[PDB]
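To keep things clear, I will list the structure first and then write my remarks on it.
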Amino acid sequence: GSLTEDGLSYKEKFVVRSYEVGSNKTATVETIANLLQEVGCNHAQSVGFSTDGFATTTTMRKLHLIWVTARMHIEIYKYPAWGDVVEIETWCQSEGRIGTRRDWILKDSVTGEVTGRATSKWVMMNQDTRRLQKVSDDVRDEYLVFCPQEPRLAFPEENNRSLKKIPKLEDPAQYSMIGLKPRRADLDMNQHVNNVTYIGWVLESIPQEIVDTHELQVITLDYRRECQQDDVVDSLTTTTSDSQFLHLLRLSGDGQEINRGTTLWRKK
Amino acid sequence: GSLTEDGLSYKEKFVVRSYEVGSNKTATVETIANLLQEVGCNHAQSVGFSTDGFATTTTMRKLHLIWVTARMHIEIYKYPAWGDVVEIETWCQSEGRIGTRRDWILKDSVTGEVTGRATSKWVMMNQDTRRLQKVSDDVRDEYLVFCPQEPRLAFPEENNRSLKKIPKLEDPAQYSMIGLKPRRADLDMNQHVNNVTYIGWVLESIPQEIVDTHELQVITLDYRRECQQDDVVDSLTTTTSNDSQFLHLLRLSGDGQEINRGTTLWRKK
Ligand SMILES: FC(F)(F)c1ccnc(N2CCNCC2)n1
Ligand SMILES: FC(F)(F)c1ccnc(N2CCNCC2)n1
């Protein structure tokens with residue numbers, strides 16, 4: 001992997017592994033999400049971010065601040081097959097004092113065609129109190145050194161899916177998967193549940209017949225609260241329709257919302 | 001006219017006037033460009049900018065700075081007819097240290113449909129030395145108070161026309177209109193040549209047959225240097241192409257110094 005000539009974006013090639021593919025011998029959406037996170041980490045390291053798992057700036061470390069994902073949106077046109085090489089380009093953009101964005105474009109290395117795109121919204125959080133906050137002047141200045149200053153968006157279209165408001169699923173849910181618990185493989189190097197695990201948990205309540213007869217085209221996931229190592233989650237799903245679903249992850253005990261999202265599926 | 005509910009954009013309605021229309025009884029592209037400038041001025045006044053003809057901030061007046069247009073890009077799907085009401089929404093965005101952008105959406109007031117869109121790039125300049133510069137931290141902070149912080153673009157599409165690099169027309173030009181001079185009606189309240197005058201001058205070298213048989217769809221104009229009140233301009237045009245496309249160059253009649261370059265795309269009626 002490497003920064004591009006202008007130093008404002010990063011590219012990396014990945015060979016899809018045997019254990020990374022589903023029943024149709026193509027990468028799962030979780031494999032895709034792990035690759036987006038990996039190229040994001042490799043970009044942060046190349047532009048001088050911390051190497052402790054938190055990917056923080058100098059000012060963020062002095063103020064005890066960390067980034068937390070607020071939203072992940074992924075659209076796949078073609079999932080790469082086992083053994084195929086997929087190239088991913090990523091870049092960041094500052095969004096005033098609201099937070100920052102990380103965008104990605106996925107290409108077939110052989111054909112050069114775009115096979116997918118993704119966007120993520122990140123918000124500042126004080127690491128100790130867990131309280132959200134605005135992005136300060138000093139942090140906005142650090143982002144100007146490695147981000148394009150003119151807008152560059154993976155999802156440019158006006159009123160596109162990536163910015164849609166997601167409603168809250170009302171009981172009773174059409175489908176559910178109860179008692180989901182993370183194991184050590186679900187934790188990152190800082191013992192927090194990895195963001196990709198929540199995508200897997202959302203997908204657990206989709207009926208196996210849908211997965212067998214449809215391809216996942218779009219997934220939009222909001223993040224509200226974290227699942228701890230000893231927490232238990234229930235994954236709920238209702239058809240809103242292509243097939244479209246509304247999703248909700250909540251703690252098994254008190255029913256506290258951890259995530260909400262939507263998925264759009266195309267018949268194979 | 002008024003700021004919208006969130007206070008991050010501005011809207012205004014205009015009734016197209018008799019002297020504002022061309023041969024097909026619809027607004028000229030110069031009428032459209034004047035309306036964009038007017039709604040831009042009304043937005044700046046509503047968010048606390050100076051009222052002297054230079055749309056300046058408190059920090060800009062302190063540092064003797066002004067904005068200058070670097071590029072204007074306009075795309076029209078339907079020109080409003082004489083007597084029609086056109087609604088225009090405008091907003092600004094900060095582009096880091098490079099400069100700022102002002103975007104516009106034009107709608108038919110009756111149907112609610114988008115009839116056109118425009119975007120403009122602005123660069124900081126010291127008013128005394130005329131030297132270009134980067135946008136300072138204090139100016140970027142002033143723009144955050146009245147601009148949307150998430151990107152809002154009139155031209156979102158990937159490699160869209162509004163960002164295309166424009167080449168320099170090589171002599172000899174296919175067409176030309178020589179000896180163009182501005183009169184007092186071409187000057188703004190600060191005695192500088194109005195930006196819309198340059199659009200008119202570019203269009204002067206398009207043959208009348210093209211204007212009679214085609215409608216202008218897209219115009220992209222780069223601004224490099226200003227024409228003074230006593231300067232004389234030559235307008236040059238060469239066809240580069242059902243659509244007709246042209247390359248344009250405005251230069252001073254004497255020494256041939258470039259003042260503007262641009263392109264136009266026309267569709268057969
Ligand atoms: F994205 C987000 F909404 F900002 C988000 C994601 C994940 N956690 C949070 N928290 C939990 C701790 N205290 C309130 C904020 N918030
Ligand atoms: F857009 C632009 F290129 F920045 C521009 C437009 C108009 N004038 C100028 N300059 C800068 C150099 N000194 C003379 C005035 N520059």
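Every chain in the structure tokens takes a letter, A first, then B, and so on in the order presented; its residues are numbered from 1, and the ligands are numbered from 1 following the presented order.
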Practice item. Output the contact residues of chain A with respect to chain B at a cut-off of 10 Å, based on only C-alpha atoms, as a count of residues only. Key: 25
Practice item. Write out as a VMD selection string all residues of range 77-208 of chain B that backbone DSSP assigns to strand (DSSP E). Key: chain B and resid 85 to 95 99 to 108 114 to 126 132 to 133 175 to 180
**Study point:** CA of residue 169 in chain B to CA of residue 250 in chain B, distance in Å rounded to a single decimal
**Key:**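 A separation of 9.7 Å between them.
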Practice item. Please identify every polymer residue within 7 Å of ligand 2, using only C-alpha atoms and all ligand atoms, and present the set as a list in words. Key: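 Answer in the requested format: residues 68, 69, 70, 71, 122, 123, 130, 131, 132, 223, 224, 225 and 226 of chain B.
Straight-line separation from CA of residue 42 in chain A to CA of residue 130 in chain A: 25.9 Å.
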Mind dumping a table of every chain A residue within 6 Å of ligand 1, with the nearest atom pair and its distance in Å to one decimal, using only C-alpha atoms and all ligand atoms, sorted by chain and rising number, as JSON lines?
```
{"residue": "A:68", "atom": "CA", "partner": "ligand 1", "partner_atom_place_in_ligand_line": "6 (C)", "distance": 5.7}
{"residue": "A:69", "atom": "CA", "partner": "ligand 1", "partner_atom_place_in_ligand_line": "1 (F)", "distance": 5.1}
{"residue": "A:70", "atom": "CA", "partner": "ligand 1", "partner_atom_place_in_ligand_line": "1 (F)", "distance": 2.9}
{"residue": "A:123", "atom": "CA", "partner": "ligand 1", "partner_atom_place_in_ligand_line": "4 (F)", "distance": 5.4}
{"residue": "A:130", "atom": "CA", "partner": "ligand 1", "partner_atom_place_in_ligand_line": "13 (N)", "distance": 4.7}
{"residue": "A:131", "atom": "CA", "partner": "ligand 1", "partner_atom_place_in_ligand_line": "13 (N)", "distance": 5.1}
{"residue": "A:132", "atom": "CA", "partner": "ligand 1", "partner_atom_place_in_ligand_line": "15 (C)", "distance": 5.6}
{"residue": "A:223", "atom": "CA", "partner": "ligand 1", "partner_atom_place_in_ligand_line": "6 (C)", "distance": 4.7}
{"residue": "A:224", "atom": "CA", "partner": "ligand 1", "partner_atom_place_in_ligand_line": "6 (C)", "distance": 4.1}
{"residue": "A:225", "atom": "CA", "partner": "ligand 1", "partner_atom_place_in_ligand_line": "8 (N)", "distance": 3.7}
{"residue": "A:226", "atom": "CA", "partner": "ligand 1", "partner_atom_place_in_ligand_line": "8 (N)", "distance": 5.4}
```
